[PDB]
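The next block holds one structure in the form of structure tokens; read it before the comments.
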Amino acid sequence: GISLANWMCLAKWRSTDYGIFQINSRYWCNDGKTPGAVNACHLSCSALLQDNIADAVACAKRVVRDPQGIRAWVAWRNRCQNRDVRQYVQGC
Amino acid sequence: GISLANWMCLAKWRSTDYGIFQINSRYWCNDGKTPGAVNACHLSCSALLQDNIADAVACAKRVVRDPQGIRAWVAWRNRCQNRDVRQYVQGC
Amino acid sequence: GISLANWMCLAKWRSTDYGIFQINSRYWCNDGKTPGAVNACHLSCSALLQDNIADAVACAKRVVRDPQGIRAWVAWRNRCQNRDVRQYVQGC
Amino acid sequence: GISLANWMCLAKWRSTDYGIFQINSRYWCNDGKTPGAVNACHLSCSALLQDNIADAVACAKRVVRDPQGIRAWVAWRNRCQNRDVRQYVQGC
Amino acid sequence: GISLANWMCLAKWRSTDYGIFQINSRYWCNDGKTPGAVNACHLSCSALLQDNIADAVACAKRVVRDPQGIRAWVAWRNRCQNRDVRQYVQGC
């Protein structure tokens, strides 16, 4: 992931030292984010998958999906209609 | 994940030292986020999956999904209609 | 997850040292977040799944889903209609 | 992932030293991002997959998908129509 | 991934030294990005896949997809229509 380290040492027989660390930080910003909007989809025998990860830091993900065995998807004579469909997405 | 360490040491026989760490921090910001809005979908024999992770830090996720055995999805003569469908998504 | 450490040491035979750690913190901000809004969906023989994690720190998740054995989803002659459907999502 | 280290040392028998680290940080910015908007799709026996990762730092992802065994997708005489469909995406 | 290191040393028997590191940072910018908008697609027996990675730093991804075994996709006499379909994408 992330590893930081900061050291100082001295010996004897003025000083003003600075360490400033700023990784994912935001200052005076107007951030905005709008991932993954879905509208008016028709799914008959179908899959939709989304990872809408908006801001992760040092995050870990592990996935196993459908290792083994029969999948059958069958469709016939289905009727799907979208009419006058509008999507406005404005992550301003 | 995230590992930080800070050390200081001295020996003898002024000083003013600073350590500032700012990882995912937000200062004076106007952050806003709107992940994963879904509208008016028709699912017949269908799946929709979303990870709308908005801000995680050092988070860990482990998933196993449908390892083994028969899946069958069957659909016929279904009628699905959308009419005058509008989605407005505005993560300002 | 997250590990921090802070040390100081001295020996002999002024000083003013600082350690400031600010991980996921928010200062003076106007944060807002609106993950995962769902509207007017038709699920016939269907699944919808969402992880709307908004702000987690150091969080851990472990999942197992449908390891084994028959799934069958069957639909016929179903009628689904959406008419004049509007969704407004505004995570300002 | 990310590794940083900072050292200082001295011995004897003024000084003001600085270390500034700014990795993924944003200052005075008006950032905005809008990944992965989906509108009005028809999926008969079909898959749609999206990774809408908007801002990750040091993040790790591991995936296994459909290792083994029969997939069959069958569709016939399906009718799908889109009429007067408009999408506006404006990540300003 | 990314490795930084900073050292300082002295011995004896003024100084003001600076180290400024600015990797993926943005200053005074109006950045905006809008990857992967999808509109009005018809998928019969088909797959659509997107990685809409918008801003990753030091991120790692590993994927295994469909290692082994029969895939069959069959479609006949399907009718798909798009009419008056307009898409506007404006990552200003």
Side-chain angles (χ1 to χ4, degrees), chain A residues 32-44 46 48 50 52 79-92, chain B residues 33-43 46 48 50 52 79-92, chain C residues 34-42 48 80-92, chain D residues 32-43 48 50 52 79-92, chain E residues 32-43 48 50 52 80-92:
Chain A
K33 63 206 70 172
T34 307
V38 178
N39 181 57
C41 300
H42 294 267
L43 284 70
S44 173
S46 291
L48 188 151
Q50 303 180 307
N52 301 318
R79 305 191 187 184
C80 292
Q81 304 191 14
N82 281 327
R83 193 163 175 172
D84 191 9
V85 178
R86 311 181 203 173
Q87 184 190 54
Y88 310 82
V89 199
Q90 303 177 307
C92 310
Chain B
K33 64 206 70 171
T34 308
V38 179
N39 185 53
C41 300
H42 296 264
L43 283 71
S46 288
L48 188 152
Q50 300 179 311
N52 300 318
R79 304 185 187 187
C80 295
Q81 302 194 12
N82 284 324
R83 190 166 179 166
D84 193 4
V85 175
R86 312 184 206 172
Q87 183 191 58
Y88 308 81
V89 195
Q90 304 179 304
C92 306
Chain C
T34 309
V38 182
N39 182 58
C41 298
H42 294 258
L48 186 154
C80 293
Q81 305 197 9
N82 282 322
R83 192 165 180 173
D84 192 7
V85 175
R86 341 179 196 161
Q87 185 191 57
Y88 309 83
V89 200
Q90 305 176 305
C92 307
Chain D
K33 64 207 71 173
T34 308
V38 181
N39 181 57
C41 298
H42 294 259
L43 285 74
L48 188 154
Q50 301 179 307
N52 302 318
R79 302 187 182 190
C80 292
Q81 306 194 15
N82 282 321
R83 193 162 182 166
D84 191 5
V85 175
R86 309 181 212 171
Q87 186 191 52
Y88 306 84
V89 200
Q90 305 177 301
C92 311
Chain E
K33 64 208 69 169
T34 306
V38 180
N39 183 55
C41 298
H42 297 256
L43 283 72
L48 188 153
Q50 299 181 312
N52 300 320
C80 294
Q81 303 195 10
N82 283 324
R83 190 163 181 163
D84 194 4
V85 174
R86 340 178 197 158
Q87 183 188 61
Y88 308 84
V89 198
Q90 302 179 310
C92 304

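Values below: every heavy atom of this structure, side chains too, minus hydrogens, waters and symmetry copies. Labels below follow one simple rule: chain letters A, B, ... track the order of the sequence lines, proteins then strands, and each chain is numbered from 1.
Here the straight-line distance linking atom OG1 of C/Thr34 with atom CG of B/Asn52 works out to 11.5 Å at 0.5 Å rounding. With rounding to the nearest 0.5 Å, the separation of OH in D/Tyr88 from CZ in A/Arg86 is 7.0 Å. Atom CZ of B/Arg79 and atom SG of A/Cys80 lie 11.5 Å apart (nearest 0.5 Å). Note that NE2 of D/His42 and NE2 of A/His42 are 5.0 Å apart. Values are rounded to the nearest 0.5 Å. Note that CD of B/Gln81 and CD of A/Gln81 are 5.0 Å apart. Values are rounded to the nearest 0.5 Å.
Checked by atom type, the side-chain pair A/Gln50/D/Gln50 shows a donor-acceptor distance below 3.5 Å.
Taking both residues in full, the closest heavy atoms of E/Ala40 and E/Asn82 are given as O-ND2, 3.2 Å, listed atom of the first, atom of the second, then distance.
The main-chain N or O of A/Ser44 is found under 3.5 Å from a side-chain atom of B/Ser46 such that the two form a donor-acceptor pair.
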Test log, rule side chain to side chain contact (heavy atoms under 4.5 Å, CB included), inputs A/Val38 and B/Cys41: CA-CA 8 Å; A/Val38 178; B/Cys41 300; 3.8 Å; yes
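In this structure C/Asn39 satisfies the side-chain contact (heavy atoms from CB on, under 4.5 Å) test together with B/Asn39, C/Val85, C/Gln87, sequence neighbours excluded.
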